[PDB]
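Structure file upload.tsv (TSV, N, CA, C and O atoms) is printed below.
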```
chain	number	residue	atom	x	y	z
A	1	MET	N	12.35	-28.47	-7.51
A	1	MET	CA	12.99	-27.38	-8.28
A	1	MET	C	13.65	-27.90	-9.55
A	1	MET	O	14.47	-28.82	-9.50
A	2	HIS	N	13.29	-27.32	-10.68
A	2	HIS	CA	13.84	-27.73	-11.97
A	2	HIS	C	14.34	-26.52	-12.76
A	2	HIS	O	15.48	-26.50	-13.23
A	3	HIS	N	13.48	-25.51	-12.89
A	3	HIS	CA	13.84	-24.30	-13.62
A	3	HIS	C	14.20	-24.63	-15.07
A	3	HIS	O	15.32	-25.05	-15.36
A	4	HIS	N	13.25	-24.42	-15.97
A	4	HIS	CA	13.46	-24.69	-17.39
A	4	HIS	C	13.26	-23.43	-18.22
A	4	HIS	O	14.13	-23.04	-19.00
A	5	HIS	N	12.11	-22.80	-18.05
A	5	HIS	CA	11.79	-21.58	-18.79
A	5	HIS	C	10.56	-20.90	-18.20
A	5	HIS	O	9.62	-21.56	-17.75
A	6	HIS	N	10.56	-19.57	-18.21
A	6	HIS	CA	9.45	-18.79	-17.68
A	6	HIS	C	9.22	-17.53	-18.50
A	6	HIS	O	10.15	-17.00	-19.11
A	7	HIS	N	7.98	-17.05	-18.52
A	7	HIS	CA	7.63	-15.85	-19.27
A	7	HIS	C	7.36	-14.68	-18.33
A	7	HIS	O	6.38	-14.69	-17.59
A	8	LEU	N	8.23	-13.68	-18.37
A	8	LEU	CA	8.09	-12.51	-17.52
A	8	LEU	C	8.74	-11.29	-18.17
A	8	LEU	O	9.92	-11.00	-17.94
A	9	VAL	N	7.97	-10.57	-18.99
A	9	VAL	CA	8.48	-9.39	-19.67
A	9	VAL	C	7.44	-8.27	-19.67
A	9	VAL	O	6.64	-8.15	-20.60
A	10	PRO	N	7.43	-7.44	-18.62
A	10	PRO	CA	6.48	-6.32	-18.50
A	10	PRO	C	6.77	-5.21	-19.50
A	10	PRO	O	7.83	-5.18	-20.13
A	11	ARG	N	5.82	-4.29	-19.64
A	11	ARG	CA	5.97	-3.17	-20.56
A	11	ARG	C	7.03	-2.19	-20.06
A	11	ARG	O	7.71	-1.54	-20.86
A	12	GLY	N	7.17	-2.10	-18.75
A	12	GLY	CA	8.14	-1.19	-18.16
A	12	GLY	C	8.18	-1.27	-16.65
A	12	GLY	O	8.38	-0.26	-15.98
A	13	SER	N	7.98	-2.47	-16.11
A	13	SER	CA	7.99	-2.68	-14.67
A	13	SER	C	6.93	-1.81	-13.99
A	13	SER	O	7.25	-0.97	-13.15
A	14	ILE	N	5.67	-2.02	-14.36
A	14	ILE	CA	4.57	-1.26	-13.79
A	14	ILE	C	3.67	-2.15	-12.92
A	14	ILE	O	3.04	-1.67	-11.98
A	15	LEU	N	3.62	-3.43	-13.26
A	15	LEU	CA	2.80	-4.38	-12.51
A	15	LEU	C	3.52	-4.86	-11.25
A	15	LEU	O	2.94	-4.87	-10.17
A	16	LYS	N	4.78	-5.25	-11.41
A	16	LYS	CA	5.58	-5.73	-10.28
A	16	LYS	C	5.67	-4.68	-9.19
A	16	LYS	O	5.82	-5.01	-8.01
A	17	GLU	N	5.58	-3.41	-9.57
A	17	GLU	CA	5.65	-2.31	-8.62
A	17	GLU	C	4.37	-2.21	-7.80
A	17	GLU	O	4.41	-1.91	-6.61
A	18	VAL	N	3.24	-2.46	-8.45
A	18	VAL	CA	1.94	-2.39	-7.78
A	18	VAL	C	1.77	-3.56	-6.81
A	18	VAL	O	1.07	-3.43	-5.80
A	19	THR	N	2.39	-4.68	-7.13
A	19	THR	CA	2.30	-5.87	-6.28
A	19	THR	C	3.08	-5.69	-4.98
A	19	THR	O	2.80	-6.35	-3.99
A	20	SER	N	4.06	-4.79	-5.00
A	20	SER	CA	4.88	-4.53	-3.83
A	20	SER	C	4.23	-3.48	-2.92
A	20	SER	O	4.13	-3.67	-1.71
A	21	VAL	N	3.78	-2.38	-3.52
A	21	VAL	CA	3.15	-1.31	-2.77
A	21	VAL	C	1.81	-1.75	-2.17
A	21	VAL	O	1.38	-1.24	-1.14
A	22	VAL	N	1.17	-2.71	-2.83
A	22	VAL	CA	-0.12	-3.22	-2.36
A	22	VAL	C	0.05	-4.11	-1.13
A	22	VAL	O	-0.75	-4.06	-0.20
A	23	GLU	N	1.10	-4.93	-1.14
A	23	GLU	CA	1.37	-5.83	-0.03
A	23	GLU	C	1.91	-5.07	1.18
A	23	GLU	O	1.71	-5.48	2.32
A	24	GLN	N	2.60	-3.97	0.91
A	24	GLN	CA	3.18	-3.15	1.98
A	24	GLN	C	2.09	-2.40	2.74
A	24	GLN	O	2.22	-2.12	3.93
A	25	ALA	N	1.00	-2.08	2.04
A	25	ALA	CA	-0.11	-1.36	2.64
A	25	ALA	C	-1.05	-2.30	3.40
A	25	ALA	O	-1.99	-1.86	4.05
A	26	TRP	N	-0.79	-3.61	3.30
A	26	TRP	CA	-1.63	-4.60	3.97
A	26	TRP	C	-1.06	-4.95	5.35
A	26	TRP	O	-1.38	-6.00	5.90
A	27	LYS	N	-0.23	-4.07	5.90
A	27	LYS	CA	0.36	-4.29	7.21
A	27	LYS	C	-0.23	-3.34	8.24
A	27	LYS	O	-0.30	-3.65	9.43
A	28	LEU	N	-0.66	-2.17	7.77
A	28	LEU	CA	-1.25	-1.16	8.65
A	28	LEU	C	-2.65	-1.58	9.08
A	28	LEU	O	-3.31	-2.36	8.40
A	29	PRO	N	-3.12	-1.06	10.23
A	29	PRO	CA	-4.46	-1.39	10.75
A	29	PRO	C	-5.56	-1.10	9.74
A	29	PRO	O	-6.15	-2.01	9.17
A	30	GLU	N	-5.84	0.19	9.52
A	30	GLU	CA	-6.88	0.59	8.58
A	30	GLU	C	-6.73	2.06	8.20
A	30	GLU	O	-6.84	2.42	7.02
A	31	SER	N	-6.49	2.90	9.19
A	31	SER	CA	-6.33	4.34	8.96
A	31	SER	C	-5.31	4.60	7.86
A	31	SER	O	-5.65	5.12	6.79
A	32	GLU	N	-4.06	4.23	8.12
A	32	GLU	CA	-2.99	4.41	7.15
A	32	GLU	C	-3.08	3.37	6.04
A	32	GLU	O	-2.60	3.59	4.93
A	33	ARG	N	-3.70	2.23	6.35
A	33	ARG	CA	-3.86	1.15	5.39
A	33	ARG	C	-4.56	1.64	4.12
A	33	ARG	O	-3.97	1.66	3.04
A	34	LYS	N	-5.82	2.02	4.26
A	34	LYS	CA	-6.61	2.50	3.13
A	34	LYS	C	-5.98	3.76	2.53
A	34	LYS	O	-6.19	4.06	1.35
A	35	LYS	N	-5.23	4.49	3.34
A	35	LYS	CA	-4.58	5.72	2.89
A	35	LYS	C	-3.66	5.44	1.70
A	35	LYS	O	-3.52	6.28	0.80
A	36	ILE	N	-3.02	4.28	1.71
A	36	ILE	CA	-2.11	3.90	0.63
A	36	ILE	C	-2.87	3.62	-0.66
A	36	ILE	O	-2.43	4.00	-1.74
A	37	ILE	N	-4.01	2.94	-0.54
A	37	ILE	CA	-4.82	2.61	-1.70
A	37	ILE	C	-5.38	3.87	-2.36
A	37	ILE	O	-5.59	3.90	-3.58
A	38	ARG	N	-5.62	4.90	-1.56
A	38	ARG	CA	-6.15	6.16	-2.07
A	38	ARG	C	-5.10	6.90	-2.89
A	38	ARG	O	-5.43	7.62	-3.83
A	39	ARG	N	-3.83	6.73	-2.52
A	39	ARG	CA	-2.73	7.38	-3.22
A	39	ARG	C	-2.54	6.78	-4.61
A	39	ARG	O	-2.43	7.51	-5.60
A	40	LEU	N	-2.50	5.46	-4.68
A	40	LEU	CA	-2.31	4.76	-5.95
A	40	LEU	C	-3.58	4.82	-6.79
A	40	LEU	O	-3.52	4.84	-8.02
A	41	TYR	N	-4.73	4.85	-6.12
A	41	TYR	CA	-6.02	4.91	-6.81
A	41	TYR	C	-6.18	6.23	-7.55
A	41	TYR	O	-6.85	6.30	-8.58
A	42	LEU	N	-5.58	7.28	-7.01
A	42	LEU	CA	-5.67	8.61	-7.62
A	42	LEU	C	-4.44	8.89	-8.48
A	42	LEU	O	-4.55	9.50	-9.55
A	43	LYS	N	-3.28	8.45	-8.02
A	43	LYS	CA	-2.03	8.66	-8.75
A	43	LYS	C	-2.06	7.94	-10.09
A	43	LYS	O	-1.59	8.47	-11.10
A	44	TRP	N	-2.61	6.74	-10.10
A	44	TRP	CA	-2.70	5.95	-11.33
A	44	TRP	C	-4.08	6.08	-11.97
A	44	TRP	O	-4.60	5.13	-12.56
A	45	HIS	N	-4.66	7.27	-11.86
A	45	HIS	CA	-5.98	7.53	-12.43
A	45	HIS	C	-5.86	8.03	-13.87
A	45	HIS	O	-4.96	8.81	-14.19
A	46	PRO	N	-6.76	7.58	-14.76
A	46	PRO	CA	-6.75	7.99	-16.17
A	46	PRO	C	-7.08	9.46	-16.35
A	46	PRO	O	-6.52	10.14	-17.22
A	47	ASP	N	-7.99	9.97	-15.52
A	47	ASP	CA	-8.40	11.36	-15.59
A	47	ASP	C	-7.27	12.28	-15.14
A	47	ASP	O	-7.15	13.42	-15.60
A	48	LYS	N	-6.44	11.79	-14.22
A	48	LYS	CA	-5.32	12.57	-13.71
A	48	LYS	C	-4.13	12.52	-14.66
A	48	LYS	O	-3.36	13.47	-14.77
A	49	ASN	N	-3.98	11.39	-15.35
A	49	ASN	CA	-2.88	11.21	-16.29
A	49	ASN	C	-2.93	12.27	-17.40
A	49	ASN	O	-4.01	12.68	-17.82
A	50	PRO	N	-1.76	12.72	-17.87
A	50	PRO	CA	-1.68	13.74	-18.93
A	50	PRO	C	-2.07	13.18	-20.30
A	50	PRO	O	-2.83	13.81	-21.03
A	51	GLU	N	-1.54	12.01	-20.63
A	51	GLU	CA	-1.83	11.38	-21.91
A	51	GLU	C	-1.75	9.86	-21.80
A	51	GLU	O	-1.29	9.18	-22.72
A	52	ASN	N	-2.19	9.32	-20.67
A	52	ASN	CA	-2.17	7.88	-20.44
A	52	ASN	C	-3.56	7.36	-20.13
A	52	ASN	O	-3.88	7.03	-18.99
A	53	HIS	N	-4.40	7.28	-21.16
A	53	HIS	CA	-5.76	6.79	-21.01
A	53	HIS	C	-5.79	5.27	-20.89
A	53	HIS	O	-6.40	4.72	-19.97
A	54	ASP	N	-5.12	4.60	-21.82
A	54	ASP	CA	-5.07	3.14	-21.82
A	54	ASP	C	-4.01	2.63	-20.84
A	54	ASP	O	-4.23	1.66	-20.11
A	55	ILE	N	-2.86	3.30	-20.83
A	55	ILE	CA	-1.76	2.92	-19.95
A	55	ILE	C	-2.19	2.99	-18.48
A	55	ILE	O	-1.70	2.23	-17.65
A	56	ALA	N	-3.09	3.92	-18.18
A	56	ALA	CA	-3.58	4.09	-16.82
A	56	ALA	C	-4.69	3.10	-16.50
A	56	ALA	O	-4.70	2.48	-15.44
A	57	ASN	N	-5.63	2.95	-17.43
A	57	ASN	CA	-6.75	2.04	-17.25
A	57	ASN	C	-6.26	0.60	-17.07
A	57	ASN	O	-6.88	-0.19	-16.37
A	58	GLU	N	-5.13	0.29	-17.71
A	58	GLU	CA	-4.55	-1.05	-17.62
A	58	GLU	C	-4.12	-1.36	-16.19
A	58	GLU	O	-4.56	-2.34	-15.59
A	59	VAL	N	-3.25	-0.51	-15.65
A	59	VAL	CA	-2.75	-0.69	-14.29
A	59	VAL	C	-3.89	-0.64	-13.28
A	59	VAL	O	-3.84	-1.29	-12.23
A	60	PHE	N	-4.92	0.14	-13.59
A	60	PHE	CA	-6.07	0.28	-12.71
A	60	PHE	C	-6.84	-1.03	-12.61
A	60	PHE	O	-7.32	-1.40	-11.53
A	61	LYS	N	-6.95	-1.74	-13.73
A	61	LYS	CA	-7.66	-3.01	-13.76
A	61	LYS	C	-7.03	-4.02	-12.81
A	61	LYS	O	-7.73	-4.78	-12.14
A	62	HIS	N	-5.70	-4.01	-12.75
A	62	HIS	CA	-4.97	-4.93	-11.88
A	62	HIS	C	-5.01	-4.45	-10.43
A	62	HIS	O	-4.96	-5.26	-9.51
A	63	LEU	N	-5.10	-3.14	-10.25
A	63	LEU	CA	-5.15	-2.56	-8.91
A	63	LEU	C	-6.52	-2.76	-8.27
A	63	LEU	O	-6.63	-3.12	-7.10
A	64	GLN	N	-7.57	-2.52	-9.06
A	64	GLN	CA	-8.94	-2.66	-8.57
A	64	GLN	C	-9.19	-4.07	-8.04
A	64	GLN	O	-9.67	-4.25	-6.92
A	65	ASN	N	-8.86	-5.07	-8.86
A	65	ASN	CA	-9.05	-6.46	-8.47
A	65	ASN	C	-8.09	-6.87	-7.36
A	65	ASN	O	-8.37	-7.78	-6.58
A	66	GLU	N	-6.95	-6.18	-7.28
A	66	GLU	CA	-5.95	-6.48	-6.26
A	66	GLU	C	-6.42	-6.05	-4.88
A	66	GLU	O	-5.98	-6.60	-3.87
A	67	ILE	N	-7.32	-5.08	-4.83
A	67	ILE	CA	-7.85	-4.59	-3.56
A	67	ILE	C	-8.91	-5.53	-2.99
A	67	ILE	O	-8.69	-6.17	-1.96
A	68	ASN	N	-10.05	-5.60	-3.67
A	68	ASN	CA	-11.15	-6.46	-3.22
A	68	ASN	C	-10.68	-7.90	-3.01
A	68	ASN	O	-11.19	-8.60	-2.14
A	69	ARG	N	-9.71	-8.33	-3.81
A	69	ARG	CA	-9.18	-9.68	-3.71
A	69	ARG	C	-8.59	-9.93	-2.33
A	69	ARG	O	-8.79	-10.99	-1.74
A	70	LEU	N	-7.86	-8.95	-1.81
A	70	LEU	CA	-7.23	-9.07	-0.50
A	70	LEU	C	-8.13	-8.51	0.59
A	70	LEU	O	-8.10	-8.97	1.73
A	71	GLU	N	-8.93	-7.51	0.24
A	71	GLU	CA	-9.84	-6.88	1.19
A	71	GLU	C	-10.91	-7.87	1.66
A	71	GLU	O	-11.41	-7.77	2.78
A	72	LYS	N	-11.26	-8.81	0.79
A	72	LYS	CA	-12.27	-9.81	1.12
A	72	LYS	C	-11.67	-10.96	1.91
A	72	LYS	O	-12.23	-11.40	2.92
A	73	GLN	N	-10.52	-11.45	1.46
A	73	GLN	CA	-9.84	-12.55	2.13
A	73	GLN	C	-9.23	-12.10	3.45
A	73	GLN	O	-9.10	-12.88	4.39
A	74	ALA	N	-8.85	-10.82	3.51
A	74	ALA	CA	-8.25	-10.27	4.72
A	74	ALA	C	-9.30	-9.59	5.59
A	74	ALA	O	-9.06	-8.51	6.14
A	75	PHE	N	-10.46	-10.22	5.72
A	75	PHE	CA	-11.55	-9.68	6.52
A	75	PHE	C	-12.59	-10.74	6.82
A	75	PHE	O	-13.07	-10.86	7.95
A	76	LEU	N	-12.94	-11.52	5.80
A	76	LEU	CA	-13.94	-12.58	5.96
A	76	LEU	C	-13.26	-13.93	6.19
A	76	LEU	O	-12.92	-14.63	5.24
A	77	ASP	N	-13.08	-14.29	7.45
A	77	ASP	CA	-12.44	-15.55	7.81
A	77	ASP	C	-12.92	-16.03	9.17
A	77	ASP	O	-12.57	-15.45	10.20
A	78	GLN	N	-13.71	-17.10	9.18
A	78	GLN	CA	-14.23	-17.66	10.42
A	78	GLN	C	-15.07	-16.64	11.17
A	78	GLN	O	-14.57	-15.90	12.01
A	79	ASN	N	-16.37	-16.60	10.85
A	79	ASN	CA	-17.28	-15.66	11.50
A	79	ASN	C	-18.71	-16.19	11.45
A	79	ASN	O	-19.60	-15.55	10.88
A	80	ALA	N	-18.93	-17.35	12.05
A	80	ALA	CA	-20.26	-17.97	12.08
A	80	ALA	C	-20.72	-18.34	10.68
A	80	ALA	O	-20.66	-19.51	10.29
A	81	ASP	N	-21.18	-17.35	9.93
A	81	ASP	CA	-21.66	-17.57	8.57
A	81	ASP	C	-20.51	-17.47	7.57
A	81	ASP	O	-19.34	-17.37	7.96
A	82	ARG	N	-20.84	-17.49	6.29
A	82	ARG	CA	-19.84	-17.39	5.23
A	82	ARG	C	-20.24	-16.36	4.19
A	82	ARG	O	-20.34	-16.66	3.00
A	83	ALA	N	-20.49	-15.13	4.64
A	83	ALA	CA	-20.88	-14.05	3.75
A	83	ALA	C	-22.20	-14.37	3.05
A	83	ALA	O	-22.39	-14.02	1.88
A	84	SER	N	-23.10	-15.02	3.77
A	84	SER	CA	-24.40	-15.38	3.23
A	84	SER	C	-25.36	-14.19	3.26
A	84	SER	O	-26.02	-13.89	2.27
A	85	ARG	N	-25.42	-13.53	4.41
A	85	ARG	CA	-26.30	-12.37	4.57
A	85	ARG	C	-27.76	-12.76	4.42
A	85	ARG	O	-28.15	-13.36	3.42
A	86	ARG	N	-28.57	-12.43	5.42
A	86	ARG	CA	-29.99	-12.75	5.40
A	86	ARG	C	-30.80	-11.67	6.11
A	86	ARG	O	-31.78	-11.96	6.79
A	87	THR	N	-30.38	-10.42	5.96
A	87	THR	CA	-31.06	-9.29	6.59
A	87	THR	C	-31.63	-8.34	5.54
A	87	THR	O	-32.84	-8.10	5.49
A	88	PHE	N	-30.75	-7.81	4.70
A	88	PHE	CA	-31.16	-6.88	3.65
A	88	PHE	C	-31.81	-5.64	4.24
A	88	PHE	O	-31.77	-5.48	5.48
```
Give the structure from the file, written as structure tokens.
Amino acid sequence: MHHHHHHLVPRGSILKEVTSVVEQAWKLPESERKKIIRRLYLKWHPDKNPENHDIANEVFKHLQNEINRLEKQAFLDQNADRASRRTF
């Protein structure tokens, strides 16, 4: 531990909020689990936003990658193969 300097200045605390709600939804089995992603996926939608086309698309970019990122690691772990797939 040294602590010298760090860069952390969001536009309005929009990213840090998504990182919390996303981790909280990763505790439920699946029913209510995915239910949380559907709320933020629609709530933070550009088409739903009144006048936030870019502001919405921005948060969406971080949310989209935040899902598959955990959805893949929180599912594919020790299962004979390694997501190779040979059936098609």
So which one's closest to residue 22 (chain A), A:54, A:66, A:88, A:74? Using all atoms listed in the file, please.
->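 Under the stated criterion, the closest residue is A:66.
Remark: for residue 61 (chain A), the closest of the candidate residues A:11, A:30, A:44, A:16 is A:44 (distances computed over all atoms listed in the file).
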Near-residue 42 (chain A) list (12 Å; only C-alpha atoms; drop same-chain fewer than 3 positions) as a list in words |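 With the cut-off at 12 Å, the set is residues 35, 36, 37, 38, 39, 45, 46, 47, 48, 49, 56, 57, 59, 60, 63 and 64 of chain A.
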Please return as a ChimeraX atom specification: the residues of chain A that backbone DSSP assigns to alpha helix (DSSP H).
-> /A:15-24,31-43,53-73
Please indicate the distance in Å from atom O of residue 55 (chain A) to atom N of residue 20 (chain A), rounded to one decimal place.
->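 Atom N of residue 20 (chain A) lies at a distance of 15.6 Å from atom O of residue 55 (chain A).
Our summary of the geometry notes that CA of residue 53 (chain A) is positioned 28.4 Å from CA of residue 32 (chain A).
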